[PDB]
Each structure stands twice: as C-alpha cells, then as structure tokens.
Amino acid sequence: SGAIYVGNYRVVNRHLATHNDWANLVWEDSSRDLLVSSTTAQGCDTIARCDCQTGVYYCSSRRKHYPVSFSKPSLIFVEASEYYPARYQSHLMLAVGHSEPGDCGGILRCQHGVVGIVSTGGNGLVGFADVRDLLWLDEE
Ligand SMILES: COc1ccccc1CC(=O)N1C[C@@H](C(N)=O)CC[C@@H]1C
Ligand SMILES: COc1ccccc1CC(=O)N1C[C@@H](C(N)=O)CC[C@@H]1C
Ligand SMILES: [Zn+2]
C-alpha cells in the first residue's frame with residue numbers, strides 16, 4: 001500500500017483504489033495501473049521532472065529504503081492476476097531489487113522528487129509506475 005499526495009491530488013495504484021477514490025476520480029489509466037482522485041487536505045509531496053535512472057524506493061516487505069538503478073519508462077508485459085488479464089503495462093520502469101505484491105504503493109524518489117510507485121515485480125525485480133510525464137499534477 002501507499003499513495004503520493006501532490007497539491008489536491010492523491011495518486012494510487014489503480015488496483016488498490018478505494019470506492020471513495022472512484023467517487024472522487026480525476027483520472028485513471030488501466031494500462032498504467034494508475035488512478036488519481038481529488039483531496040480536501042493539501043499533501044506534502046513534489047513530483048520529479050527529469051530523466052533520472054537512479055534513486056531510492058521504500059520496500060514494506062523488508063522495512064527498508066533501497067538505492068536502485070532503474071530502466072526508462074516502457075511497455076512491459078505483466079502476467080494475468082486477480083486485477084487484470086495478461087497485458088502490456090505502459091510507462092513501467094524495472095529495477096533489480098526486492099518486491100512482493102503488497103509492496104505496491106512504495107514510493108521511488110530521486111533528487112528531484114517523486115519518480116513513481118511500486119506496481120509490479122518478479123524474482124529479484126521491482127517495477128515502478130512512472131508519474132514524471134503527468135505534468136498536469138503540478139497545476140490546476
Ligand atoms: C522517507 O521516505 C522515503 C525516502 C526515500 C525514498 C522513498 C521514501 C518513501 C516515501 O517517500 N514515503 C514512504 C511511503 C511509501 N508509500 O512508500 C509512505 C509515505 C512517504 C512519502
Ligand atoms: C510488486 O508486485 C509483485 C512483486 C513480486 C511478485 C509479484 C508481484 C505482483 C505483481 O506484479 N502484480 C502486478 C499488478 C499490475 N501492475 O498489473 C497487479 C497484480 C500484482 C500486484
Ligand atoms: Zn530525477
């Protein structure tokens with residue numbers, strides 16, 4: 001679990017969105033595993049606007065913050081699950097690092113701010129949904 005709080009937006013994995021999130025929907029994209037809902041309180045996060053390939057992410061299944069090198073956002077095939085059939089997930093970045101299904105929502109940060117959130121994983125791999133291209137999160 002986990003979410004990003006920027007201005008009056010809450011960014012969550014779409015598969016973990018609540019019914020309140022859906023009632024207050026701003027934007028969602030199933031192919032990205034993202035959903036953004038509106039908030040009443042202002043959050044304390046800043047979104048990175050950069051092409052960084054290094055950073056640190058939080059791993060709940062280890063209670064640890066790990067430094068990582070990660071790939072560029074791309075279309076990556078993700079196996080079928082209880083939330084989606086097998087498909088290409090877009091804007092995904094992979095890294096060698098520990099993850100388990102419950103780690104989704106863990107934030108990845110670089111020196112410029114929030115880069116994305118854990119969305120996928122594998123045997124010694126972790127995948128992050130990028131948020132740096134969503135320029136509108138910084139305004140309106
Ligand atoms: C001190 O946190 C970090 C430091 C470096 C890099 C990453 C983090 C994680 C982070 O930003 N978290 C943990 C977070 C989560 N959902 O992963 C809950 C809220 C909070 C905003
Ligand atoms: C962090 O996730 C894992 C880590 C290790 C092993 C397996 C997983 C699970 C995983 O990849 N997904 C993909 C996710 C999606 N974005 O389509 C929905 C289902 C499930 C939460
Ligand atoms: Zn950066």
# chains A, B, ... in the order shown; residues from 1 in each chain; ligands from 1
>>> residues_around(residues="region 12-23 of chain A", least_positions_apart="3", cutoff="6 Å", atoms="only C-alpha atoms", output="list in words")
residues 3, 33, 34, 35 and 37 of chain A
>>> residues_near_ligand(ligand="ligand 3", cutoff="6 Å", atoms="only C-alpha atoms and all ligand atoms", output="list in words")
residues 48, 50, 51, 52, 110, 111 and 112 of chain A
>>> closest_atom_pairs(of="chain A", to="ligand 1", cutoff="10 Å", atoms="only C-alpha atoms and all ligand atoms", output="Markdown table")
| residue | atom | partner | partner_atom_place_in_ligand_line | distance |
| --- | --- | --- | --- | --- |
| A:1 | CA | ligand 1 | 16 (N) | 6.3 |
| A:2 | CA | ligand 1 | 16 (N) | 3.6 |
| A:3 | CA | ligand 1 | 16 (N) | 5.5 |
| A:4 | CA | ligand 1 | 21 (C) | 6.8 |
| A:5 | CA | ligand 1 | 21 (C) | 8.2 |
| A:12 | CA | ligand 1 | 16 (N) | 9.4 |
| A:43 | CA | ligand 1 | 21 (C) | 9.8 |
| A:44 | CA | ligand 1 | 21 (C) | 8.2 |
| A:45 | CA | ligand 1 | 21 (C) | 6.9 |
| A:46 | CA | ligand 1 | 21 (C) | 9.9 |
| A:55 | CA | ligand 1 | 6 (C) | 7.3 |
| A:56 | CA | ligand 1 | 6 (C) | 4.6 |
| A:57 | CA | ligand 1 | 7 (C) | 4.4 |
| A:58 | CA | ligand 1 | 17 (O) | 4.6 |
| A:59 | CA | ligand 1 | 17 (O) | 6.9 |
| A:60 | CA | ligand 1 | 17 (O) | 7.3 |
| A:63 | CA | ligand 1 | 17 (O) | 9.9 |
| A:64 | CA | ligand 1 | 8 (C) | 9.3 |
| A:65 | CA | ligand 1 | 6 (C) | 6.2 |
| A:66 | CA | ligand 1 | 6 (C) | 7.8 |
| A:67 | CA | ligand 1 | 6 (C) | 8.4 |
| A:103 | CA | ligand 1 | 17 (O) | 8.1 |
| A:104 | CA | ligand 1 | 16 (N) | 8.1 |
| A:105 | CA | ligand 1 | 16 (N) | 5.0 |
| A:106 | CA | ligand 1 | 17 (O) | 3.1 |
| A:107 | CA | ligand 1 | 17 (O) | 4.0 |
| A:108 | CA | ligand 1 | 7 (C) | 5.2 |
| A:109 | CA | ligand 1 | 6 (C) | 4.8 |
| A:110 | CA | ligand 1 | 6 (C) | 7.5 |
| A:111 | CA | ligand 1 | 5 (C) | 9.5 |
| A:113 | CA | ligand 1 | 11 (O) | 9.0 |
| A:114 | CA | ligand 1 | 11 (O) | 7.5 |
| A:115 | CA | ligand 1 | 7 (C) | 9.6 |
| A:116 | CA | ligand 1 | 7 (C) | 9.8 |
| A:117 | CA | ligand 1 | 17 (O) | 7.5 |
| A:118 | CA | ligand 1 | 17 (O) | 8.3 |
>>> select_by_dssp(residues="chain A", states="alpha helix (DSSP H)", output="list in words")
residues 19, 20, 21, 22 and 23 of chain A
>>> write_last_selection(atoms="N, CA, C and O atoms", output="PDB file, in the first residue's frame")
ATOM      1  N   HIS A  19     -13.424   2.818  -2.990  1.00  0.00           N
ATOM      2  CA  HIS A  19     -14.650   3.343  -3.570  1.00  0.00           C
ATOM      3  C   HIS A  19     -14.714   4.887  -3.395  1.00  0.00           C
ATOM      4  O   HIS A  19     -15.240   5.563  -4.294  1.00  0.00           O
ATOM      5  N   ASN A  20     -14.123   5.470  -2.332  1.00  0.00           N
ATOM      6  CA  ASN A  20     -14.067   6.919  -2.213  1.00  0.00           C
ATOM      7  C   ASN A  20     -13.221   7.520  -3.347  1.00  0.00           C
ATOM      8  O   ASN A  20     -13.543   8.586  -3.880  1.00  0.00           O
ATOM      9  N   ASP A  21     -12.067   6.868  -3.683  1.00  0.00           N
ATOM     10  CA  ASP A  21     -11.224   7.298  -4.807  1.00  0.00           C
ATOM     11  C   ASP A  21     -12.057   7.362  -6.106  1.00  0.00           C
ATOM     12  O   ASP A  21     -11.952   8.339  -6.877  1.00  0.00           O
ATOM     13  N   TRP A  22     -12.828   6.305  -6.379  1.00  0.00           N
ATOM     14  CA  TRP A  22     -13.637   6.263  -7.598  1.00  0.00           C
ATOM     15  C   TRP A  22     -14.749   7.319  -7.585  1.00  0.00           C
ATOM     16  O   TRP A  22     -14.956   7.974  -8.613  1.00  0.00           O
ATOM     17  N   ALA A  23     -15.336   7.617  -6.422  1.00  0.00           N
ATOM     18  CA  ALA A  23     -16.340   8.658  -6.315  1.00  0.00           C
ATOM     19  C   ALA A  23     -15.735  10.065  -6.503  1.00  0.00           C
ATOM     20  O   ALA A  23     -16.435  11.020  -6.857  1.00  0.00           O
TER      21      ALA A  23
END
>>> atom_distance(atom1="CA of residue 124 (chain A)", atom2="atom 12 (N, counted along the ligand's line) of ligand 2")
13.7 Å
